[PDB]
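Chains as they are written, first to last, in the UniProt record's numbering: chain R, 43 to 159, 177 to 489; chain Y, 43 to 159, 177 to 489; chain E, 43 to 159, 177 to 489. Everything below concerns the one structure shown next.
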């Protein structure tokens, strides 16, 4: 009786969990021989080919997406005409998202999950500040700046001077900055520039449907990508231990954040115990753990914040609906652990500017992730292509995304709940 | 009395036939010395320079044209709300255009006209399936994917593994696929995405006027291109024999198609003799041979299909006006013989995926060719740039385009006439 | 009392003159040691880095600016429906701007200011005519055509044949030509193509505000650019002599033009003495020298042309407001002396086609310069990037721009004043 009411509703989720559980089985059926006994390199990158085609489609789409959604979502970003009473709420959201992402990078650099087994001088801050502001906007859709060294035989015979050249791989770091600045420009332009907001916001909605079609293709690509990814490692008992250490490190980041950082930020200004606040708001967190979505939590959260932890009733309907779309600390933890776990699963050595352009671009991507159908994974592929990491390891993270999701939902509501607790103590004392 | 009523009406056609007949004369006046006695290579590519400038202008225009006309013509492509009663007519049009193009490629590979006188493994189907879906959309306006080989000294000392890189020459194969998918996306988006259809369909009409100006320049370019093309061959009696074999092979393809393939497709389902149908519709084919245009045939064809070969009168006003713009089998023959005659006039060896991306891109270009002023030749330059063939041989084909046109018009009306004969036998039996 | 009425009004001009006068002081404070005693090349291009960031931002903006302002300003270019009675005025404006620019190039090639201290054959007119009409429009936003030579061992063993390749650096020469032709196309398209004029003219006004923000950043960049530019020369008493010879040559070009060329053009057709005309129009030129702006001159100029040098009263309100925005001979002198002074300040040897694409692109940029905030300097950076000159010397020209501006304003009003004197003698004789 439930063959056309349950399976038809979430057919894509059943299809991708069948494709993952038959992707590990196909990879084990190839690894029973191995990566070189069935067929060698002449057909190794022809068995894994739909798992390359999915990445071709995703890299095709993240060029219109991050430059047409940021223009339409920074031209519709209101200044303090929206209210300076909730601008401290936006500052709190940005600061706690940056602290969440920095805690994720720090914890998955300290615990080091996945690492079980060119020389560039420290002035590559210049190689990032030349990359924020690109030289032109058509040669910043496929290639970025990079400084290489040489010898000129001056002052003796050997000295290392840097020379600059634009090498391949697009810069999403310098194409979200132009998109943000152009969105602020179209907001400042007023009613003369509404045609551009309508054009760039009908172009973003004409790309989300392409994401819908690509995610409908994505079971086949994720099956062959998992199959090609657990064969190339030539080890199955080690990769599941690396995934277990990844889940342990990300759950530890969620627990450490939501039990010691946001309580400390609440205690530093309110100077009342935040655990009484959390004991008031158990049941919205208990249903956010339940349904694993921050949309069905918001009415019950906006209700239950009133009776126990009494607020002024005009900020809890103002910062809470913009606290479940803008403030997402759990997605910041997931992007900043699941993109320094891939950097220790392929040994890319994680230069000190890759930390900055994995931290600020996952702060600037947890505020607009939950509009995309597969939001948290395509917005991880964006920050993987922004630091030139291998995107092919996205399927070992999409395989264990449910264990992380069921405790990732609660941080996104805990953040703006403690923001509602914090912002009421800047108006009860003036 | 007819100096301002006849010459002013078709001045471009008189100008281009004067420029062709003075292009062969100028090429013969240079070949009286030859390609190296007047001036050598220091001024050989300075005498043929306007015939290079015309190709620069055409390659400039086929980037906005095939990506802004396909979006506007696939967003205005109606689904079966247009009618499933004539969706078998569209399937018939696509199948007979593919069969016409395959017959053209097969016949001009078998008879081999024009051939009178890098190693890549058979897995370059991967090099086309990586090219359908490009990696990004700004680096697919000038460069396409291509797999090259090397040696890695593994398993012995010598093995041939493929490595990938994006080499120059744009991919029109993977820029019509994104345009088609984006047009279907803008159709699905409904009334929120009408601004993009108006933008991309005012951008296509603001490029057709550039085609009008370039075709007004085109006499000078075609004169110097013919002059440079019959000098470089260093032979005049052989090139006219190759053009004669080209005209013979394309006329043989038209005759074989319109007398043995579409009759066979009609006989396989209706099982009545199609030559009685053609004996009913002699005179619309006889005036389509006359005026050499499928626009002045359509009222007389839509009339004469009724009285003799009686139809249900609601499909002959429905599939016939969409059978003279969409179904063009003669243009498919002309594109798929005149682009494997250039591949045997310059020895490009015609790899087995170039047959596929000369067959499906001339099936997908005979449905939108007759809106451009010089439609059948610019849409041949498109499929020449899609397979990296030399576009410079377009002027030996535009020189003999009248002998092919006067029997190319009749296939485009014979196709939908037999489609009207076929579709009436899927409703008289239900 | 004047701390919030004078300093708040022109804060950017005070900030940039403080940044220039503290840019020469910082450069002298580094040159007290020199370019290699404080820190060598490992930190020489890290002290001059904001003066590189300003050039990165300017090269980012001149790609949307010159292709979105020319479309919107050539689609709003009226044909002779504006009037053939003032089309000779537009021809006069174009001819005197070309003569002004040619006099500037000739005078700063003859006097040779700043010159105190690859082989390509003369057929690089082909390398410019292949660059006017680019091969495609996405690979003409960052790279242009360039012919290099080789040897093929034919006809002996050594001969020099040219081969072509697209090398880096965008072609603004071939991206204003497509923009002009597209603007004429959108004008011809009529009311079907008003959406594109509104899109490309709301995109140009959404880039002028980015020029406003970049010019607000520009004090820091111009301070560090002046500081890095007077250190690298390793000479301070010579660079100020080169700037003095630059000011002398440009003032000599202004004086020679406005006292011997436009008087000669007036005398060649009217055959009356133009110095009586100038003695009538002393005081509009005397206030144009005063306020240094051609906007506050136009009412007094349009008044004072009537009473003394009597005109037909319908051309002095028609060609004078389009003579203070379109005709700017002083800006043509400044662009065509200040871009062959940089070519003699860095020894780029000034090939005979760089004269043509520094002359016609500064004729085609003095007609739309006075809409940009820093118009005369960004429109100099455009023509410096169009000929691949070093843009880094823009700050030695922006430092002495006031001495040139106060006598550059008077040529832009003298031009259309003598045009009003000229055009009245093609209607008083018919």
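A virtual CB, placed ideally from N, CA and C, is assigned to each residue, including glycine.
The shortest CA-to-CA distance from residue 311 (chain E) to any of E:150, E:130, E:50 is the one to E:150. Under the Cβ criterion of 8 Å, residue 265 (chain Y) is counted among the residues facing chain E. Taking all protein chains in view, the Cβ of residue 52 (chain R) is surrounded by fewer than 16 other Cβ atoms within 10 Å, so the residue is classified as exposed.
Remark: three or more beta-carbon pairs, one from each stretch, lie closer than 8 Å, so the stretch 439–458 of chain R and the stretch 86–105 of chain R are flagged as touching.
Scanning chain Y for C-beta atoms nearer than 9 Å to the C-beta of residue 255 (chain E) yields 258, 261, 262, 265, reported in chain order. Spanning the alpha carbons of residue 334 (chain Y) and residue 298 (chain Y) requires a straight line of approximately 38 Å. In this structure, residue 357 (chain R) keeps its C-beta atom at 8 Å or more from the C-beta atom of residue 401 (chain R).
Note that the C-beta distance between residue 446 (chain R) and residue 416 (chain R) is below 8 Å. Scanning E:105, E:302, E:473 for the CA closest to the CA of residue 319 (chain E) turns up E:473. Between the stretch 74–91 of chain Y and the stretch 137–156 of chain E, the count of C-beta pairs closer than 8 Å stays below three; the two stretches do not touch. Look at residue 394 (chain E) here: in three-state DSSP terms it is helix. Scanning chain Y for C-beta atoms nearer than 8 Å to the C-beta of residue 88 (chain R) yields 182, 185, reported in chain order.
Residue range 202–210 is occupied by the beta strand (DSSP E) that includes residue 206 (chain R). Residue 409 (chain Y) places its beta carbon 8 Å or farther from that of residue 395 (chain Y). Excluding the 5 residues flanking it on each side, residue 465 (chain E) has same chain C-beta neighbours closer than 8 Å at 348, 351, in chain order.
A residue is called buried when at least 16 other Cβ atoms come within 10 angstroms of its Cβ; residue 375 (chain E) meets this threshold and is buried. In the DSSP assignment, residue 223 (chain E) forms a beta bridge with E:206. Using beta-carbon distances, residue 83 (chain E) counts as an interface residue toward chain R, with a partner under 8 Å. Counting only the Cα atoms, residue 332 (chain R) lies some 33 Å from residue 420 (chain R).
Residues of chain R with a Cβ closer than 7 Å to the Cβ of residue 268 (chain E) are, in chain order, 244, 247, 248. Counted as a single uninterrupted DSSP element, the alpha helix (DSSP H) harbouring residue 289 (chain R) occupies residues 264–291. For the stretch 94–111 of chain E, the beta-carbon criterion of a distance under 8 Å to any beta-carbon of chain R is satisfied by 94, 95, 98, 99, 101, 102, 105, 106. Using a 10 angstroms sphere on the CB of residue 305 (chain R), the tally of other CB atoms reaches 16 or more, which defines it as buried. In the three-state DSSP reduction, residue 485 (chain E) falls in the coil class, being neither helix nor strand.
The residue among R:430, R:432, R:424 with its C-alpha nearest the C-alpha of residue 441 (chain R) is R:424. Closest by C-alpha distance to residue 240 (chain E), out of E:321, E:221, E:403, E:193, is E:193. Closest in C-alpha terms to residue 379 (chain R), from the list R:393, R:245, R:485, R:132, comes R:132. Going by beta carbons, residue 265 (chain E) and residue 245 (chain R) fall inside the 8 Å limit.
In the three-state reduction of the DSSP assignment, residue 361 (chain E) falls in the helix class.
Legend: CB atoms of the stretch 273–289 of chain R lying less than 9 Å from CB atoms of chain Y are not found in any residue. Here residue 121 (chain R) has 246 as same chain residues with Cβ atoms under 8 Å from its own Cβ, once five neighbours each way along the sequence are excluded. Residue 196 (chain R) belongs to the set of residues whose beta carbon lies under 8 Å from a beta carbon in chain E. If you look at residue 89 (chain R), you'll find it in the alpha helix (DSSP H) that goes 83–89.
In terms of beta-carbon proximity, residue 229 (chain Y) lines the interface with chain E, with at least one pair separated by less than 8 Å. Using a CB distance cut-off of 8 Å, residue 121 (chain Y) does not count as an interface residue toward chain R. Around the C-beta of residue 343 (chain R), 16 or more other C-beta atoms lie within 10 Å, and the residue is accordingly described as buried.
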